[PDB]
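Here's the structure, in structure tokens; my notes come after.
Derivation of every value follows stated rules applied to the coordinates shown; laboratory data play no part. Every residue, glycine among them, receives a Cβ derived from its backbone with ideal geometry; neighbour counts consider all protein chains shown.
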Amino acid sequence: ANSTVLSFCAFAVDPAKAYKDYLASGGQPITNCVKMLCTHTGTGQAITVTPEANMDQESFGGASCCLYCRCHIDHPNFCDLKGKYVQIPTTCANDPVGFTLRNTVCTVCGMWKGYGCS
Amino acid sequence: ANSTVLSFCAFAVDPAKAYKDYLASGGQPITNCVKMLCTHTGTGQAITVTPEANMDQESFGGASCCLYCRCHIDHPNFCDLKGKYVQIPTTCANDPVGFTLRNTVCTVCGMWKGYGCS
Amino acid sequence: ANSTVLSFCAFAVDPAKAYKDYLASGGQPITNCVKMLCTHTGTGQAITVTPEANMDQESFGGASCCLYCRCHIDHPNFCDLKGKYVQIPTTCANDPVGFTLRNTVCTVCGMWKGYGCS
Amino acid sequence: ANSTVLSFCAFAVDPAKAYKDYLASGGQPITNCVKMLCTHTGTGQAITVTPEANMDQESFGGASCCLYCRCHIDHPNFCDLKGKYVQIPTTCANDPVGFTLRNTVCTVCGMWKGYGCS
Amino acid sequence: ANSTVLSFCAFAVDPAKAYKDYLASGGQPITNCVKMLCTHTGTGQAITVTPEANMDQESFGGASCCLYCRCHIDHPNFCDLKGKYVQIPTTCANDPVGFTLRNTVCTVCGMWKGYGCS
Amino acid sequence: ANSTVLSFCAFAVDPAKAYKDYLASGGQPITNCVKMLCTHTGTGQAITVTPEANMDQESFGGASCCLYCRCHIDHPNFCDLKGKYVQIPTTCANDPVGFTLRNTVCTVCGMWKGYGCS
Amino acid sequence: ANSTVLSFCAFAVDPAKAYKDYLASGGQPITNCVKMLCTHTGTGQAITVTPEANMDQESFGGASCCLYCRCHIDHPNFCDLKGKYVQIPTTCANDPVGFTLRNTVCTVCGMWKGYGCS
Amino acid sequence: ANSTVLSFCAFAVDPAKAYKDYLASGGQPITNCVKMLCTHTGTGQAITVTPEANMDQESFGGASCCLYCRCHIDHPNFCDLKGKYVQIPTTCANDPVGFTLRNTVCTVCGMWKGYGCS
Amino acid sequence: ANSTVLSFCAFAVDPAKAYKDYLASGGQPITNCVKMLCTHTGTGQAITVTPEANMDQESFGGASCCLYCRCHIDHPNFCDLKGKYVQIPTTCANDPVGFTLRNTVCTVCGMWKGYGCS
Amino acid sequence: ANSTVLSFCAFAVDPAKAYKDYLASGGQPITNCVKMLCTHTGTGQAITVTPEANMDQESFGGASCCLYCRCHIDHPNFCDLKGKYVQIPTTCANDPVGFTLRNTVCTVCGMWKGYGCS
Amino acid sequence: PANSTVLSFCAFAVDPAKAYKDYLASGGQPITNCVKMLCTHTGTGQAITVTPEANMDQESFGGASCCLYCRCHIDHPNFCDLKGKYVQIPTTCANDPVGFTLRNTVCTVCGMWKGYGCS
Amino acid sequence: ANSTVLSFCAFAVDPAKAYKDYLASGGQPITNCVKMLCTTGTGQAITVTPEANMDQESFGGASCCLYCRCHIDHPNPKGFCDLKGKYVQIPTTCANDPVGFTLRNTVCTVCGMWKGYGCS
Ligand SMILES: [Zn+2]
Ligand SMILES: [Zn+2]
Ligand SMILES: [Zn+2]
Ligand SMILES: [Zn+2]
Ligand SMILES: [Zn+2]
Ligand SMILES: [Zn+2]
Ligand SMILES: [Zn+2]
Ligand SMILES: [Zn+2]
Ligand SMILES: [Zn+2]
Ligand SMILES: [Zn+2]
Ligand SMILES: [Zn+2]
Ligand SMILES: [Zn+2]
Ligand SMILES: [Zn+2]
Ligand SMILES: [Zn+2]
Ligand SMILES: [Zn+2]
Ligand SMILES: [Zn+2]
Ligand SMILES: [Zn+2]
Ligand SMILES: [Zn+2]
Ligand SMILES: [Zn+2]
Ligand SMILES: [Zn+2]
Ligand SMILES: [Zn+2]
Ligand SMILES: [Zn+2]
Ligand SMILES: [Zn+2]
Ligand SMILES: [Zn+2]
């Protein structure tokens, strides 16, 4: 499943939009991101140097979520995710990749705009 | 003409301010940016991996607008423009190099603050 | 479609050959090659640092026609097209990617052999 | 004093959180940041390519204040400070390193949030 | 915390030996290693590109364990752990760093000699 | 042919595991591995700087056999094969890519464990 | 044999010219160029990404024929041979190194000028 | 002198054409290229690894004639002149820079097309 | 005045000589070299890792004074001034760029010859 | 003597084999490897970060032993010896460059198989 | 160990070298564990060389083991203009190699230590 | 000739010394150093442009960097072989052996000229 999806997006002139369109067609989210095991809740920050999932999130290994790293192609913006950990609201933890693609980290508090910001 | 302006800004201890003051004295906007021939049905985002100009914008070539890339010098952010496409509000496509400098991209929208944002 | 073709050529031992075979079987050429907005009174040369299309050509962004560049793989000849602009005969413009693969630039006049040369 | 603190934060899994706790527990701010000798008539923006302190600020050599550059370790995000100059409210010029970690630069204003912004 | 131990070793002319000697003297093992969720019984191999823990092991993040990566110093061998995932026996898992150091991976089995091999 | 398979592995989170399963499901082995013209009087060592096939082996160009170099993706461990030559037991020469993946090169004899060591 | 000639060439101010003069002094050609086991039904072009020899040529591992790659020195070309395969007229397979040095690939058809061209 | 012209061309979106129009207007050619003392006489090739001047040519330092090199900007071609020696027809030794730009080296004999080829 | 001078010296075959001549014609020295506000309790050495000015000198940011760094071009010798701090005799603080060009650091005491040496 | 051998092996398609055949023909071992003046109280491991020789060994500088490093050519393993120290049984210390080529380190105990191992 | 304390100190100092200087000035113990070479001791006697060149009045140490910066795992201000090379040191000062290379200079003419060889 | 000498130094543990004894044994100096065609220069030992004077020859920097001729890394106190890309002025009376001349001489840090040939 992931190969068809990742293949389709990898060669599209715009990977991000290929995925977006794909999901909009009812396509299945990219699975197999790595979930981090935490013994304590963290700051709840979007992207961090160490796992920081709080009561409402889950922490995945950065690269594991970066679509470009997953598609093995160059970056738009290096995975400003690679080597770090991404916190995702649990309600959206079903599509980590798509999530970071569709959201914005707050520059002030550093949490997802719309989910735990301000 | 471009050479006189760019030569001027290129050796300034602060290029951006140089161009800013240059224009402030009635100077003429740097020209020769490359315009993309698109359908104008884009997302309207400020900076994108492919032309995404809507009906009130023009799509220029990244490097064409990055002052530093034009001055062949280092950056103070790499041409977060280079290799991408900048959408500029039609009413401001007479000074692309200047537009990007003067304006901010809404981190939430992806659109230019004050021109499309919200 | 594009992904389909691009994927097939991407992993073939000889990408260029796979695209030729593909075409020779009536496959649709690769699309989404960005086109430049230029005067059309250029030198008409095959590959240039700024759009140089004459009346019988179309200018495209070099990278968007570089099959390797498109596929995200190394090169045979980096593809001498990236960062430059390719001028293509309007009649052949319907397949930029293949056109550059099947043709040759004159070392002497810099135009496509058979479409501008001598 | 400085070496004790820096050593402690460097080998931490999260240097920023370490330093933050060190201070919280009544630790003395990292000293030895280089202060620039300016006119104090500058724009007053947070991080600039040339000293821009105003009357209520002090200008420091970027690197001097980047905790990561002081610890000799890789970076989160290189020192988006290395090479630039950091303007800091005089009331806070006693802990430049920590000030830049606790505060955020307005992407529109270019000035410190809560310290000049808007 | 872990920083006093890491500081010692980082400046030793032989970190690996320093940490061993440290532990020998009753020193506390280095903590703060990251664990990941293994999606259904792994092969049990010691070092993999994806979590691969057995029902007897736990999967830690490579770099998180490589002592040289924790001490921010170059390597002997780079972190044939970095970017990968290290599987460690649950009952030896209180000292991830030490374990990888004290043990050898079978070049045949791919499992730890003494803990899985043959 | 190879594109379907290769495309399927390149995007899996564990290419090797994927190719393995593919083969398990009866999939056809990857082909088109450049085969060398040797005398078959060589050392008979697994991986070497020049073709060294003995009477029981065939020689191939390293890269034609490294799944990673064939999928145009990065390496776990560069192709310990790239640039060198891989000796493959003739009976197993119909699946060179797979062979190198399942076998272990003896640190002493220098030959594949089970197919020529001791 | 080879060590003597290559050593001689490698330090000359013009390695190519040195080999040429050598040969003309009745010098023995450089031997030990990897020979490919090919179908002998290839396009027949000079330098290819895969063995393309025809019924009148042999296919050698490029790098084994690049004098500079053989002398371990820099290039005046970058071994547009290294990594590729060189098809050489069987009646000349006795001096693959010298052939490429002496001959020229036609830019239009890609075949050795005067050995298959036009 | 040379600064007025080199600066002018340096910032032009098409440096080559700039120097061309400059000359077309009676502008003085870029001077100050280094001349190599080529006692005896070389092969007469256009671009060589050591001076090869004829009775009818002068040998200049590769860099000295590389417009991009003399301008300190990137290239459309490093310039294949740098570290090389260029042989130019005595009658044209008054504008080395512009010469290389206006002329072409024969791929077969290595000599300037029109000025030595055949 | 800076961009005019820098421009002139940047395209000269010898920046340093060009600036020297520029000065000998009553040309105004390059300005805008950042200075450090220190305690003037330094060793008074020529080039240091931290401000070391004594009562008779000013401390400048190395890069501000490295003519090439200011001219944005390669270097004869790695700006040995870049990242460092240059001490300059007060009575010469009016032409920092030039000072470092005209003077030499004693290899024994690390001070400017004829300004604190021996 | 050294330069002859090294030169001989340097240009060999298979250097290691070349040096082997050289020795086998009663050739004199490469000399001038650097011995470490240490107290022979080390762990006696094959390759280490600090001299580790025991009473029955000699410690040499890694690089001075790596044939490829002595030949200035690339590698097949880089110089997993360079920067470290190699312990060679005293009774073999007359041929350091060879001993490492001919022997294997135990992946478990870390000593030379057949000279300390187990 | 012993050196880790003094090295941890200098490493984070704004001027590592100066920090080590102050350390010794306070009676601190010189850094140890510099690797020593076994050579002819009839060498050129030059300061920094590509192969051991100690004479009868010197000792040859392994550059890197003597470059404080390389020892503190931090970037350099002078890579080690010593790394890969060998350092000849007056036998009388062989007790503090790391400090010696900091406090002394090299005859740009004779390649020998100013004060111990030159002229 | 050149190849023999260079091959000999190229693999020596100390190229500079290898060549030193080679010459000592009456060996012949390395040849083929691009001689520059120049005017009235400063006469400074190493420059970015031919700066020879009436008593020197200006050669191409690399042509004289032994290491740069043997194809091996360089010992020069951390860096680049400070000749490559530049131009070396050598006293005409010694131009018969440029490679060795630089090896045997020192450039005055103050006046930028060869110690013994123009310095002070
Ligand atoms: Zn990424
Ligand atoms: Zn917020
Ligand atoms: Zn830019
Ligand atoms: Zn918005
Ligand atoms: Zn390409
Ligand atoms: Zn033509
Ligand atoms: Zn930083
Ligand atoms: Zn604001
Ligand atoms: Zn590591
Ligand atoms: Zn096993
Ligand atoms: Zn590979
Ligand atoms: Zn074996
Ligand atoms: Zn080559
Ligand atoms: Zn042809
Ligand atoms: Zn160039
Ligand atoms: Zn011709
Ligand atoms: Zn510089
Ligand atoms: Zn002095
Ligand atoms: Zn090596
Ligand atoms: Zn063992
Ligand atoms: Zn160092
Ligand atoms: Zn002296
Ligand atoms: Zn060199
Ligand atoms: Zn002098």
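Take the range C:35-51 and flag every residue that is within 16 Å of the chain's Cα centre (by Cα) and either more than 12 Å from chain B (Cβ to nearest Cβ) or not in a loop (DSSP other than H, G, I, E, B) (or both). Explain how you work it out, then say what you get.
From the range C:35-51, those within 16 Å of the chain's Cα centre (by Cα) are C:35-36, C:44-51; that's our starting set.
Residues satisfying the conditions are C:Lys35, C:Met36, C:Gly44, C:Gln45, C:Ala46, C:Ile47, C:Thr48.
Any residue at all in the range A:8-31 that is away from chain C (no Cβ under 14 Å), on the phi < 0 side of the Ramachandran plot, touching a strand residue (DSSP E or B) at 6+ places or on another chain (Cβ under 6 Å) and not aromatic (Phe, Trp, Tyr)? Checked against the condition, which is being away from chain C (no Cβ under 14 Å), on the phi < 0 side of the Ramachandran plot, touching a strand residue (DSSP E or B) at 6+ places or on another chain (Cβ under 6 Å) and not aromatic (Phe, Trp, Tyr), the range A:8-31 yields no hits at all. Residue count for the range F:4-33 satisfying the condition of being surrounded by fewer than 19 Cβ atoms within 10 Å (Cβ to Cβ) and among the hydroxyl-bearing types (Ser, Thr, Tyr): 3. Taking the range C:72-118 as the range and being under 27 Å from H:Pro15 (Cα atoms) and within 16 Å of ligand 14 (Cβ to nearest atom) as the test, the residues that pass are C:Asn103, C:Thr104, C:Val105, C:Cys106, C:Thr107, C:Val108, C:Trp112, C:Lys113, C:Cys117, C:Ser118. Only a single item in (1) away from ligand 11 (no atom under 16 Å from the Cβ); (2) within 22 Å of J:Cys106 (Cα to Cα) is not met by E:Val34, and it is number (2). Among the residues of the range C:63-107, those that are within 14 Å of chain A (Cβ to nearest Cβ) and among the aromatic types (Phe, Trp, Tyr) comprise C:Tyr68, C:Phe78. In the range J:52-80, the qualifying residues are those that are under 27 Å from K:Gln58 (Cα atoms) and assigned to a loop (DSSP other than H, G, I, E, B), and the one that is nearest to the chain's Cα centre (by Cα) is J:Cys65. When restricted to residues that are over 8 Å from the mean Cα position of the chain (by Cα) and either more than 30 Å from K:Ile74 (Cα to Cα) or aromatic (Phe, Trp, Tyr) (or both), the range E:81-102 contains 8. Among the residues of the range D:65-118, those that are among the aromatic types (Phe, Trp, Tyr) and either within 19 Å of D:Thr4 (Cα to Cα) or touching a strand residue (DSSP E or B) at 6+ places or on another chain (Cβ under 8 Å) (or both) comprise D:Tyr68, D:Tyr85, D:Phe99, D:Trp112, D:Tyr115. Of all the criteria given as (1) within 16 Å of ligand 21 (Cβ to nearest atom); (2) not in a loop (DSSP other than H, G, I, E, B), the one not satisfied by L:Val88 is (1). Among the residues of the range K:65-84, write down those that are crowded, with 20+ Cβ neighbours inside 10 Å and either within 16 Å of ligand 12 (Cβ to nearest atom) or over 23 Å from I:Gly83 (Cα atoms) (or both). Selection gives K:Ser65, K:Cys66. The test for being within 12 Å of chain E (Cβ to nearest Cβ), small (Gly, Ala, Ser) and away from ligand 24 (no atom under 16 Å from the Cβ) does not hold for J:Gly114.
Examine the range H:34-50 for a residue that is on the phi > 0 side of the Ramachandran plot and crowded, with 19+ Cβ neighbours inside 10 Å, and state whether such a residue exists. Among the residues of the range H:34-50, at least one is on the phi > 0 side of the Ramachandran plot and crowded, with 19+ Cβ neighbours inside 10 Å, which makes the answer yes.
Scanning the range I:91-111 for residues that are of a type outside the set (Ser, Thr, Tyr) and either part of a helix (DSSP H, G or I) or within 16 Å of ligand 24 (Cβ to nearest atom) (or both) yields I:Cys92, I:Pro96, I:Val97, I:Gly98, I:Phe99, I:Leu101, I:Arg102, I:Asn103, I:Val105, I:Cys106, I:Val108.
In a residue-by-residue description of the range F:91-104, the property of being within 16 Å of ligand 12 (Cβ to nearest atom) and in contact with a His (Cβ under 8 Å, 6 or more places away or on another chain) applies to no position.
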